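*Asks:* Just passing along the structure, written as structure tokens.
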Amino acid sequence: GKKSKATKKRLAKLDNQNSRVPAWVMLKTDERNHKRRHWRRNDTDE
Amino acid sequence: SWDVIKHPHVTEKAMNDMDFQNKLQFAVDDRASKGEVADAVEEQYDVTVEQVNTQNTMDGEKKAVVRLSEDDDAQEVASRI
Amino acid sequence: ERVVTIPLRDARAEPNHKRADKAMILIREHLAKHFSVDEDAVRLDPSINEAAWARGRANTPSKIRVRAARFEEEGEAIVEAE
Amino acid sequence: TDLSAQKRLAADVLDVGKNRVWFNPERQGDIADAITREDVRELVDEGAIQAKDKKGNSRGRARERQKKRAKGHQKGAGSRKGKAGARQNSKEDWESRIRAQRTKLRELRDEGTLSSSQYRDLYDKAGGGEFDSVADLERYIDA
Amino acid sequence: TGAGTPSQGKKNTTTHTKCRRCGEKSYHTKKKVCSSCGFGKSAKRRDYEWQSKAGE
RNA sequence: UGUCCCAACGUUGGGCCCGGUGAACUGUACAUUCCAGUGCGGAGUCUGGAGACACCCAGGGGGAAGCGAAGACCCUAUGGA
RNA sequence: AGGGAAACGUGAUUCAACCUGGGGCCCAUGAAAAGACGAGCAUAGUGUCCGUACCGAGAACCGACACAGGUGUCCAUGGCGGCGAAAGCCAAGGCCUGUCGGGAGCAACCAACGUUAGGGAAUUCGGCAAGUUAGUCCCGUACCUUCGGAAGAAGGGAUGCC
RNA sequence: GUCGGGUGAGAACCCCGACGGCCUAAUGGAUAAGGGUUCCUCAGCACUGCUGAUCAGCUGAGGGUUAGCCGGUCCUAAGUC
RNA sequence: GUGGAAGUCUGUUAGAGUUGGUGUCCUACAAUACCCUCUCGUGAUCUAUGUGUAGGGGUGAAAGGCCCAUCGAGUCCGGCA
RNA sequence: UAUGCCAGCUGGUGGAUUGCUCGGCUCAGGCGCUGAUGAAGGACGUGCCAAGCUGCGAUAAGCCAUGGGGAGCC
Ligand SMILES: *C(=O)[C@H](Cc1ccccc1)NC(=O)CCCCCN
Ligand SMILES: [Cl-]
Ligand SMILES: [Cl-]
Ligand SMILES: [Mg+2]
Ligand SMILES: [Mg+2]
Ligand SMILES: [Mg+2]
Ligand SMILES: [Mg+2]
Ligand SMILES: [Mg+2]
Ligand SMILES: [Mg+2]
Ligand SMILES: [Mg+2]
Ligand SMILES: [Mg+2]
Ligand SMILES: [Mg+2]
Ligand SMILES: [Mg+2]
Ligand SMILES: [Mg+2]
Ligand SMILES: [Mg+2]
Ligand SMILES: [Mg+2]
Ligand SMILES: [Mg+2]
Ligand SMILES: [Mg+2]
Ligand SMILES: [Mg+2]
Ligand SMILES: [Mg+2]
Ligand SMILES: [Mg+2]
Ligand SMILES: [Mg+2]
Ligand SMILES: [Mg+2]
Ligand code: NA
Ligand code: NA
Ligand code: NA
Ligand code: NA
Ligand code: NA
Ligand code: NA
Ligand code: NA
Ligand code: NA
Ligand code: NA
Ligand code: NA
Ligand code: NA
Ligand code: NA
């Protein structure tokens, strides 16, 4: 398919939200990313 | 008001282009045209921009490959920052 | 070391399209027994392998002359075609 | 060691199918360290990496057969599979024959042997399918 | 041809998409109308009383 | 012409044993049963007899009116379409 | 110029692509618009914006799954074969991932399947299933018929290699 | 698939060689839709992978898509607003 | 002889269809699958994409067929406890 | 006396129970419009390292003034 500039920006963001909670945040909060999305198992919008 | 240049895109590939092709890579505002990138770059580093290639990245930002003239040296312009 | 003739008649008990594999195992079990060594210790030179697969996986020869040697600190046999 | 990456690079550098690239079994360690395309070309120059030869089907037996058949053999009822019209296109064959016959008559006319009226007469009869071949035509011409 | 699994294979058409007005993946790109907020059909926002229990 | 008389032998994948992976159906309870009887007239469980040392492997499914589905037939409802 | 380790060919046939014609059919008549041509040449400047990774499927798509299902286009000119874009075999290219293995002559039983003497549909609701026949050429071909057909009727012969 | 070998704490299935095979309108090559980073590199094995795994479409971190002359863009179709 | 017509014939060319096996499967590979067999294959043909018709309404070479696994009146929420 | 039945003991599995309450439910008093000077809502951004939430808007967890507050804060 052919994505537009806006679509691309959104896919970009979704990929970014797909990172893990940084290690330091665990220490800083004395102790999960509920928005983890696999390209195969999950489906994005649009 | 938004600025054209955001910061230098420094990666292995960016280096090869700088050492081997006299090109500097930047992360620019995606509303910026090649022309605006060319100008901005010249006014900030005092060089002559010969060509500019852009790409809207999967990081959500725009990337510009700016080639300088044989008169300017990428390796040096980049070394002062 | 010595020269031995291995009978591969027992490979017919295995489904035809797979003789080669079975044959290759018989050979190993034969040298292991006749040279008093563990099947783990028998090394078959590729020559033997190629000999047994010469006519494909289903057409193995009924016998095969094999030259094997015995020795070392854990006991073993190295064998090849002849 | 895992040389699959190099296999992909070698295939491209050598410009050959991955399945034809050969890696010297005694130099896995060295090829393993090959990270760049340049690293590959270098190993190639040392012959550590090579390309196997692609085969081509032998046409020897084909040529012997082609000869027998051109000589007229191996084409008996037991060797034919297609219908007659399949083995030789009847319309195509008619174009062959009728063109030959018309060329023939064409030459005899310029040559002077035939008057534009005899020619015309013969021509029409040929197009009418009166002559099986040129020979048959020539024969008829001689009364 | 089964109306089930075998008929699920031809489903590669895009219809509903992220809406420019409400953000829901409900903008029907073929109709140019949002099934969620009414964008493309109504200036006013799509809403009905039946979206909740009568007395609430 | 193995559809049959009338079945045989063989081939391949299973099946069987071993390593690894590892569900589901179903379960009021008890339960080694069989023959008779009785009982809401179609009982592993009541009554009388008979048989019965425990556990396990493979099998083909006689019984549990086996599992699966609040009978789609029939009637009834001041039911529906 | 480039490319090739090297040689770095010449002719021919059959000829996809591509080009250009002739014929036939219609109670069927087979888009439109932008644009181009018409309408020369030098030199110079400008040519921004969006897409571009990868899969494209017996693991990247839809089907809750790394699902034996479903899912469009182009490569229809690789060799032998032959009527053939058919079978079978083989290149180029891809693959051993239609992804659990080891052992028992490996029994009973089951799935697919081969062969079965004599008989030959006795089987069965029923020839279900299986089998028979088979390509090509020559000869030859009934009733009936809307004269088109029936027809590959039927039946008989031939078939390799050198 | 098999025999050797490589790496590794660990190897039937990760890699190299040989031998043996499979796919020929496809199991090859290029792509539309659709997916959306699945692409490449490095480091890993608690998860996913019909067994195992040192491998991976898995986990983590980085990197990667460059156009006057390929598409879009422009035109108009059924038709839509 | 030429010509090459046909809702023409043969045909697993591609492609479309789905007769029999009442085979395999039937906690499936699969909420309609697999294999063999079989029908059509220049036309009332098959197909991709775009587009139109909407629920007592469409669409229907008519089977009460089809309108997203939903049809003798789709689906969702509401009326509604 | 294997396979095993019943009850308990030690350990586990499980998360009931009791205790606890940063949340709910309901009642009451007060108050009450916003938007072309572009609202409400959404999108995407924004942190040294930043995935979620909150805040904020290219001056982006913020800038200025006055008052309060106070030796801490990010
Ligand atoms: C008549 O004998 C009916 C026929 C029928 C009924 C409904 C649908 C189709 C045909 N047959 C039955 O009632 C059989 C009932 C089976 C009961 C089994 N426990
Ligand atoms: Cl012509
Ligand atoms: Cl494109
Ligand atoms: Mg990433
Ligand atoms: Mg671009
Ligand atoms: Mg003709
Ligand atoms: Mg339906
Ligand atoms: Mg008793
Ligand atoms: Mg009932
Ligand atoms: Mg009734
Ligand atoms: Mg009524
Ligand atoms: Mg690409
Ligand atoms: Mg798979
Ligand atoms: Mg017989
Ligand atoms: Mg009879
Ligand atoms: Mg009888
Ligand atoms: Mg039959
Ligand atoms: Mg990868
Ligand atoms: Mg690795
Ligand atoms: Mg026809
Ligand atoms: Mg046909
Ligand atoms: Mg359509
Ligand atoms: Mg009816
Ligand atoms: Na997805
Ligand atoms: Na950045
Ligand atoms: Na038989
Ligand atoms: Na039983
Ligand atoms: Na050919
Ligand atoms: Na495997
Ligand atoms: Na005629
Ligand atoms: Na069928
Ligand atoms: Na209705
Ligand atoms: Na309701
Ligand atoms: Na108020
Ligand atoms: Na954050």
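For chain E, we keep the numbers from Swiss-Prot: what you see runs 2-57, in order.
According to its header, the structure was obtained by X-ray crystallography, 2.8 Å.
A Cβ is built for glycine as well, from the same backbone N, Cα and C atoms used for every other residue.
According to Swiss-Prot, the protein has these features:
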type	residues	note
BINDING	E:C20, E:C23, E:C35, E:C38	Zn(2+) binding site
ZN_FING	E:20-38	zinc finger
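Describe the structural surroundings of these features, if you would.
*Replies:* The number of other Cβ atoms within 10 Å of the Cβ belonging to E:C23 (Zn(2+) binding site), over all protein chains shown, comes to 16.
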*Asks:* I need the neighbours of the Zn(2+) site defined by E:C20, E:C23, E:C35, E:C38. Which other residues of that chain put their C-beta within 8 angstroms of the C-beta centroid, in sequence order?
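*Replies:* Filtered neighbour residues, in order: E:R21, E:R22, E:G24, E:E25, E:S27, E:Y28, E:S36, E:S37, E:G39, E:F40, E:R47.
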*Asks:* Under a criterion of Cβ-Cβ distance under 8 Å and sequence separation of at least 6, what residues of the same chain contact E:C20 (Zn(2+) binding site)?
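*Replies:* In sequence order, E:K26, E:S27, E:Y28, E:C35, E:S37, E:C38, E:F40 meet the Cβ cut-off.
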*Asks:* Comparing the binding-site residues E:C35, E:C38, which residue's C-beta has the most other C-beta atoms within 10 angstroms in this structure?
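*Replies:* Most Cβ neighbours within 10 Å: E:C35.
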*Asks:* DSSP says what for the zinc finger (E:20-38): how many helix, strand, coil residues?
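*Replies:* The zinc finger (E:20-38) comes out at 0 helix, 6 strand, 13 coil.
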